[PDB]
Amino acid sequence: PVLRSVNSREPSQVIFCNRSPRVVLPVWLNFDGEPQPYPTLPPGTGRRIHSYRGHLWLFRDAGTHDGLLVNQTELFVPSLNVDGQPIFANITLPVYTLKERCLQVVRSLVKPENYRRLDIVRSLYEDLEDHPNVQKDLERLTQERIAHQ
């Protein structure tokens, strides 16, 4: 596919730093564009990371799959270092809509088989069932990159 890591084998020292209140799951897109999960980061923690030039990363909530930002944007690609200075990756909450935020909270309190037993408007059932999803975003990100070209 289009969105995928380059197999450069050139080193890049990185710092992952979780400045959100969620437990973060880093996701690495491999050379065939397949997402690979990495170990999780608790809130407020950081750590040194060895990655490579041209490698794509994104970041999600480890329990719910809610999307998060990295350096104010959705994807992260490391450069080569300059004078052995680390590259910093700052992970944060986005400003969700009130609707999406209410969806998150209701999802956290209701089992999926009970969604359609809630006394609410029918269209919100579909909204509730359409969970945050890596694949779904990859298509949106891919096709915004095509429009861009």
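Quick note: we count residues from 1 along the sequence shown, nothing fancier.
The mean C-alpha temperature factor is higher for 113-121 when 53-61 and 113-121 are set side by side.
When the two stretches 126-134 and 18-26 are set side by side, the higher mean Cα temperature factor goes to 126-134.
Looking at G67, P39, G84, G44, the one whose CA carries the top B-factor in the deposited record is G84.
Per the deposited record, the Cα B-factor of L80 falls in the highest third when ranked against the other modelled residues of its chain.
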